[PDB]
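The chain that follows stands alone, in the form deposited in one PDB entry, written as structure tokens.
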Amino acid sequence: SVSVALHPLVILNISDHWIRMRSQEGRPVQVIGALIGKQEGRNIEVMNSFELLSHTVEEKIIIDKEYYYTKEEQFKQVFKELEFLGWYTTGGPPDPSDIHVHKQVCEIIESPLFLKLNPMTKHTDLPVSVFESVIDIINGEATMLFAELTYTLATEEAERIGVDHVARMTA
């Protein structure tokens, strides 16, 4: 149980990653990355994200750890006060592939957040969901599942040039 505030930039970044990869590959593809921000007590503020490299090995998605560590290192050289908080991907509801990848991310951080963005909604006006993992037992054995969390959009400073300011210009 945590409270989660999401900065608009995170949502825009993830959609951007998906749009750019779809253009590059000529088809929609799943994209994966890191969530960055701050946590104080049970309160998590998700401030930014960045793309991560993965490889498909024996038909499974493997996060490139060496890529991640270099990427994190460079990010922290600039943003000294921010921390890795979890990971994101795109698609529908959480699935067994997400579970397999989440277990890798659990090797980087204790209790990573998981954010999924659905790039194929036409109806929902914020196709983003956030999860934490839980280990449930029902017929003998530990089973990792995702529990969905409520989130809010993070309050931003008056001097920030944010989504409202820029949206006034686009249309």
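Quick note: we count residues from 1 along the sequence shown, nothing fancier. In this text, rigid core is short for the largest set of C-alphas that superpose within 1.5 Å between two forms.
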Per the PDB record, is the mean Cα temperature factor higher over 133 to 141 or over 40 to 48? 133 to 141
With B-factors read from the PDB entry, the higher C-alpha mean of 50 to 58 and 120 to 128 is in 120 to 128
Looking at the C-alpha B-factor values in the deposited entry, which of 109, 63, 34, 31 comes out highest? 109
Comparing against every modelled residue in the chain, figure out the third that the C-alpha B-factor of residue 158 lands in (lowest, middle or highest). highest
Residue 81 by Cα B-factor - lowest, middle or highest third of the modelled chain: highest
Residue 6 - which third its CA temperature factor falls in, relative to the rest of the chain: lowest
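Another form exists, deposited in another entry; not displayed. Remarks below refer to it.
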For residue 108, is the C-alpha shift between this form and the one not shown 2 Å or more after core superposition? no
Cα of residue 61 displaced 2 Å or more between this form and the one not shown, core superposed? no
Residue 19: after superposing the rigid core, is there a C-alpha shift of 2 Å or more between this form and the one not shown? no
How does the C-alpha distance between residue 130 and residue 18 change in the other entry compared with the present structure, closer or farther, given a change of 3 angstroms or more? farther
Relative Cα spacing, residue 136 and residue 65, in the other entry - shift of 3 Å or more: farther
